[PDB]
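Participant: This is the structure I want to talk about, given as structure tokens.
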2 protein chains.
Amino acid sequence: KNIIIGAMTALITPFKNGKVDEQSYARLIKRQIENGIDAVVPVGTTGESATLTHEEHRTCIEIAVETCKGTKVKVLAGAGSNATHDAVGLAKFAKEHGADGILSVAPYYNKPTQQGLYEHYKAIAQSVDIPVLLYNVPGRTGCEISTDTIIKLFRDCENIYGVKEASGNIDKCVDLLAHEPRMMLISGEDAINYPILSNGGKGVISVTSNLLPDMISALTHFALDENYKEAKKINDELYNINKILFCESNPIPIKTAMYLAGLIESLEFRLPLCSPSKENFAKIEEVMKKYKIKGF
Amino acid sequence: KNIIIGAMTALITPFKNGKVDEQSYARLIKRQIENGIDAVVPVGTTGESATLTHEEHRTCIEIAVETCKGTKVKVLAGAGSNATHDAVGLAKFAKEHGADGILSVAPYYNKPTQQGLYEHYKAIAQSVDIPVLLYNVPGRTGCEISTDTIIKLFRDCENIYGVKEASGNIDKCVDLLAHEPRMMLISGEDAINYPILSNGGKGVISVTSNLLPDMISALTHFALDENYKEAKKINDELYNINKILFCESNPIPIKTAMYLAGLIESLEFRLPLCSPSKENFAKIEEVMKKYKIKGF
Ligand SMILES: N[C@@H](CCCC[NH3+])C(=O)O
Ligand SMILES: N[C@@H](CCCC[NH3+])C(=O)O
Ligand SMILES: [Mg+2]
Ligand SMILES: [Mg+2]
Ligand SMILES: [Mg+2]
């Protein structure tokens, strides 16, 4: 199977005057490229995919694809939807417009059964010939892709090559890789990046790397080379910022940190997301002082 | 405040050859009107709102409005979205096309903070002049409208008159009505319709009433008339069917039952929803036999 692994960033989507700041988006992607990241994920959860129009979603995939041409960096395009018809449409767009693969979140809100999840992902995977990474985040979807469903999709669909796990369940990661060691398990939870990598996970899709791309890339590459002492030391170092970035719902804290770092121009969200509380604003600012934040 | 209360049905959406079966939809609503129902909710969760196009979503509200015209049955239109811009758009469409009010689910997947929910619902309420019913179902959205937020919205915005509570938390229902007894608490969980009504709830938005509109209307009307003995007797009677209708994720069981009763033409869903297992198919059919199902 063709795969997309390594250190990857779930890119934030910056806004200016209620519109996607497209120049800022391209600049942020180049900062990721220049700090050792292996792939970028435009318009995932961290990118506010729920509040982007279909047009904006497509534009952000194209900017990422265009910005990564001539580099080793891949584009794993966010293409999930709780309607299979729309997920297939986004998958086909990403494939036709030069993405290296797609991320596809488990359907949210409508809680499909395991049989429904299987048919959803099989319809997506059959619609394109690029790699597909499943994405399990039950705290946000109300749904869970069981280990059995994940393994069946991996074995039955040629292009489904792994899963991004954001469930905080290390037993499930042992279960997955013990029964199917060929799949690419990708960490979707920054605080436990190293435990997942040390059990044979092959990458991370990181929120923290928006702010500290060099540290997340280093952790991942240390771990992939089995330099576990160095990988754990960075994962330990990053614990405080990894937690503070979820004091409020992602991406409110990371966008706050990017603004406090002077990386984005305005602290703008699309409703129902909004800026954090005054208290959390101060907590994020205080934790940031313990880290060295690269500029442009 | 202007209000919409009493026995209400979260209407299923029947499909025929992959399209909304519009004459069947109108026939099902008329069956409701004639079985004592007080209001219908087109395109809620039970109506597969996630997998309808924006056009289809609007068509179903219009069919509901025509079919209920010249009757005292009200239309509480499903108008929720996890993007405030789209929720405002659906609320305005519902007002302009004659709905009596709107149901608006808390944003799913993107987990807004309490401040975000307040601003989300305040934007919806200010966009129209018809009643707005909040809708709390954290098992599907990943977020909860706290009691404090609900009461603040009730007190601050004119059209916000209550909440449909599908959280299985009767303590929260005591909390709500002890601190704000003027609000309309609406049951969104069929098995506990009677406990919510007996604590001062004023209506139900029911899945079960799709199949048994007469029994759910009677339950609600007994309770509102303070005949708790009779309301409880129907709630007890309905427990087995009320639970079996969630053997798999709603609306898969209710659509299955509607098909087994001969009330819709095809057991068709839009992916990622799909037919139940054949074990669950047999369980639903077995539980239905103990209930008398009205025809057309
Ligand atoms: N808000 C809807 C539509 C988003 C479509 C574009 N990303 C959802 O989250 O599914
Ligand atoms: N599937 C998207 C779009 C639905 C739009 C029509 N109700 C969502 O659940 O938000
Ligand atoms: Mg647009
Ligand atoms: Mg090496
Ligand atoms: Mg997240």
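Since chain B takes its numbers from Swiss-Prot, the residues it shows come out as 3-298.
Just so it is clear, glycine is given a Cβ too, placed from its N, Cα and C backbone atoms.
Grabbed the feature section from Swiss-Prot, which reads as follows:
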- B:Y137: active site, proton donor/acceptor (ACT_SITE)
- B:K166: active site, schiff-base intermediate with substrate (ACT_SITE)
- B:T48, B:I207: pyruvate binding site (BINDING)
- B:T47: site 'Part of a proton relay during catalysis' (SITE)
- B:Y111: site 'Part of a proton relay during catalysis' (SITE)
Participant: Mind sorting out which of the recorded positions B:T48, B:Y111, B:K166 are close to chain A, meaning Cβ under 8 Å from one of its Cβ atoms?
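Facilitator: Among the recorded positions B:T48, B:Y111, B:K166, the ones whose Cβ sits under 8 Å from a Cβ of chain A are B:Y111.
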Participant: Within 10 Å of each Cβ, count the other Cβ atoms and name the one among the recorded positions B:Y111, B:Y137 with the highest count.
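Facilitator: Of the recorded positions B:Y111, B:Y137, the highest Cβ count within 10 Å belongs to B:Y137.
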Participant: Enumerate in sequence order the recorded positions B:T47, B:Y111, B:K166 whose Cβ-atom distance to ligand 4 is under 6 angstroms.
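Facilitator: Checked recorded positions vs ligand 4; nothing flagged, none.
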Participant: Which one of the recorded positions (B:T47, B:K166, B:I207) has its C-beta surrounded by the most other C-beta atoms within 10 angstroms?
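Facilitator: The largest 10 Å Cβ neighbour count belongs to B:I207.
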Participant: Going along the chain, which residues six or more apart from B:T48 (pyruvate binding site) have their CB under 8 A from its CB?
Facilitator: B:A12, B:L13, B:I14, B:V209, B:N212, B:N252, B:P253, B:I256
Participant: According to DSSP, folded down to helix, strand and coil, what is B:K166 (active site, schiff-base intermediate with substrate)?
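Facilitator: In three-state terms, B:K166 (active site, schiff-base intermediate with substrate) counts as strand.
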Participant: Reduced to three states, what secondary structure does DSSP give B:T48 (pyruvate binding site)?
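Facilitator: Assignment for B:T48 (pyruvate binding site) reads coil.
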